[PDB]
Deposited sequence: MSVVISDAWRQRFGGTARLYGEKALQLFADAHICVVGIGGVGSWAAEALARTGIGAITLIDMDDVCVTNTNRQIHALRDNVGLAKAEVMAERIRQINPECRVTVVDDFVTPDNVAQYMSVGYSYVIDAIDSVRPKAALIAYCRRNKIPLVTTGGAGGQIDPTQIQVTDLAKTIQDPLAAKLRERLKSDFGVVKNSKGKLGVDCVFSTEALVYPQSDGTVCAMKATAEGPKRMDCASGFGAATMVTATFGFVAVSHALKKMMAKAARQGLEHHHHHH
């Protein structure tokens, strides 16, 4: 992608933070966000606001009033529209030059290859249900597709306990635990000699608050923001190693 003057105006602050090479790297990147909800809608926003030049959004759910407490697209006039389309329209308002694709579908074990094989720079997995989540992680891991997944973000109030570690090492996260169990039984994914699954997971050390679970923007959005920052760090590091 050739960066226009308007793009340099919008993302001058990105360039001043990450550098010119990173700005170009981001403009040339294509990142996929799967699940445009409490975590993924903010991830998508952050990607757009950091000069990522191409974004794919995968979700088939609509905006509901009950999303209001934790999803950036949940506004009165958006209720009943497709989440992914509302977020795509917002991204075009953030960066009119971003290449935005909507996949109006849910990821399944049956279709993940079709969806994941377009060649993404990174995949951010913000799915809440274990079966498709395991199928997505297993596929990206096998195919060496850069992935960051997110554990359970509900039932938590403290954004400062969010961190990234190998999926094998998460604690206080029942979703991540169920995911490990399904990866093992259904996909043969098991931890290596060093006790790692080779899957990066955003999780929180906070113990869950039972009232399903409630949620707050301040936590669920930070899950998405930490996923994006982690992906960009890994992308920049890889680019720095080439040469």
query = What portions of the deposited sequence, indexed from 1, have no corresponding C-alpha atom in the structure?
reply = 1-2, 214-236, 269-276
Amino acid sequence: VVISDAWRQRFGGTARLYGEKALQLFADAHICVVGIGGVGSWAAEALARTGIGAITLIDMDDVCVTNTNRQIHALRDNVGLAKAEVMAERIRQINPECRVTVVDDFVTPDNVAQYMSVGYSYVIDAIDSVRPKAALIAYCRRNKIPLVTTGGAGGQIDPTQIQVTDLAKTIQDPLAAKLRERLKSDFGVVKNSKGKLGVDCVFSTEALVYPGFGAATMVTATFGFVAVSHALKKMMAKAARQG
From here on, numbers count along this sequence of modelled residues.
request  = Averaging only over Cα atoms, indicate whether 58-66 or 183-191 has the higher B-factor in the PDB entry.
outcome  = 183-191
request  = Averaging only over Cα atoms, indicate whether 95-103 or 109-117 has the higher B-factor in the PDB entry.
outcome  = 109-117
query = Between 137, 74, 162, 171, which carries the biggest CA temperature factor in the record?
reply = 171
key: Among 27, 216, 209, 33 - the residue whose C-alpha B-factor is largest in the record   = 209
request  = Report the third (lowest, middle or highest) to which the CA temperature factor of residue 149 belongs, ranking only the modelled residues of the same chain.
outcome  = lowest
request  = Can you work out whether the C-alpha temperature factor of residue 123 puts it in the lowest, middle or highest third of the chain?
outcome  = middle
ask   = Which third, lowest, middle or highest, does the CA B-factor of residue 132 fall in along this chain?
value = highest
request  = Ordered by C-alpha B-factor within the chain, which third holds residue 10? Give me lowest, middle or highest, please.
outcome  = middle
remark   = residue 21: CA temperature factor from the record, placed by chain third, in the highest
